[PDB]
Amino acid sequence: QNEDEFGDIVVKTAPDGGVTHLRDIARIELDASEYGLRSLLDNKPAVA
Amino acid sequence: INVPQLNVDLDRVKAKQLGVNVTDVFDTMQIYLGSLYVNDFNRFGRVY
Amino acid sequence: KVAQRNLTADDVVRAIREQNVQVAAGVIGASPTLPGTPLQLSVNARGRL
């Protein structure tokens, strides 16, 4: 549901018992699905 | 919203340290309790 | 010949699917990018035979 749960993802489990989490290797943020276009209205953030 | 049900909580860290895949837990629950559909078989020329 | 090399037809089919395939090679400097990045460059890589 959120960024921190996505950080908890186990990308590698060490043989002794040790867990490497997704936050260890990446930054997890909520954002846009693509970035090709921007929209301003009089130089303030907007959507048409 | 007050029909009786069951909640099943899966310990993710305990699963991955114990060597069990979280998709494997969910797959067991689904197949055993939820009746997965696998593929079709033919009977009297009809697909079932 | 394929058996002589200890291969089944599935092996060769996997090889063709693996080596005859388009590539999504990426883009350098695309949004979002840290400031000062001057250019947005697409990457090419010969993938299809």
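What you see is numbering from 1 along each chain in written sequence order, possibly unlike the entry, with residues lacking coordinates removed. Chains and ligands are labelled sequentially in the order written, the chains with letters from A and the ligands with numbers from 1. Chains on display form part of a larger assembly; values are given for the displayed part and nothing beyond it. Only heavy atoms go into the side-chain values, all of them from the structure, while hydrogens and water stay out.

Method of determination, as given in the entry header: X-ray crystallography; reported resolution: 3.00 Å.

Draft legend 1. Looking closely at the overall build of chain A. Helix numbering and strand numbering both begin at the N terminus, where a helix is a DSSP run of H or I of at least 4 residues and a strand a DSSP run of E of at least 2. For chain A, the count of helices and strands is 2 helices and 4 strands. Along the chain direction, N to C, the helices and strands of chain A fall in the order α-β-β-α-β-β. Seen through its principal axes, chain A has C-alpha atoms that stretch 60 × 20 × 15 Å. Across the 48 residues that make up chain A, the buried fraction comes to 6%. Note on contacts: a residue pair is in contact if any heavy atoms of the two residues lie within 4.5 Å. In chain A, 9% of the contacts between residues at least 6 apart in sequence involve partners at least 24 apart. In short, Shrake-Rupley with a 1.4 Å probe defines the accessible areas, and a residue's cover is counted only from the protein chains shown. Accessible surface for chain A amounts to roughly 4500 Å². Of this, 53% is attributable to carbon and sulfur atoms. Accessible area is worked out with a 1.4 Å probe on protein chains only. A residue is then buried under 20% of its type maximum, exposed over 50%, and partly exposed in between.

Draft legend 2. Representation of the overall build of chain C in the model. Secondary structure assignment for chain C yields 1 helix and 2 strands. Helices (α) and strands (β) of chain C occur, in sequence order from the N terminus, as α-β-β. Principal-axis analysis of the C-alpha atoms places the extent of chain C at approximately 60 × 15 × 10 Å. Taken over 49 residues, chain C has a buried fraction of 6%. Summing over all exposed atoms, chain C offers an accessible surface of approximately 4500 Å²; the carbon and sulfur share of this is 55%.

Draft legend 3. Structural context of the packing of aromatic side chains. All names here are of chain B. Any two rings among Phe, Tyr and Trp, with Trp reduced to its six-membered ring, count as a pair given centres within 6.5 Å; such a pair is stacked if its planes are under 30 degrees apart, edge-to-face if over 60, and tilted if neither. For the coordinates displayed, the defined rule picks out 1 aromatic pair over all chains. Ring plane angle 45 degrees and centroid distance 6.1 Å describe the contact between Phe41 and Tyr48, whose orientation is recorded as tilted. Both a distance and an angle decide whether a charge sits over a ring: NZ of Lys or CZ of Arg must be within 6 Å of the ring centre and within 35 degrees of the ring normal. The ring centre of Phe44 lies 4.5 Å from the NZ or CZ of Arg43, which sits over that ring.

Draft legend 4. How the structure looks around the pattern of salt bridges. For this analysis, a salt bridge means a side-chain nitrogen from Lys or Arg found within 4 Å of a carboxyl oxygen belonging to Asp or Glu. In the structure shown here, the tally under the stated rule is 4 salt bridges over all chains. A:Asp8 serves as the salt-bridge partner of A:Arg23, at 2.5 Å between the closest nitrogen and oxygen. On the criterion of sequence distance, the pair formed by A:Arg23 in helix α2 (residues 22-25) and A:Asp8 in the loop between α1 (3-7) and β1 (10-13) is long-range, its members being 15 residues apart. A residue is classified by how much of its surface remains accessible, and A:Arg23, at 34% relative accessible area, is partly exposed. Judged by relative accessible area, which is 41%, A:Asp8 ranks as partly exposed. Across the pair A:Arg27 and A:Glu29 runs a salt bridge, and its minimum N-O distance is 3.1 Å. In this structure A:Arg27 comes out as exposed when scored by relative accessible area, which is 68%. Three or more residues are tied together by salt bridges with common partners; here these are C:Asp10, C:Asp11 and C:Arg14.

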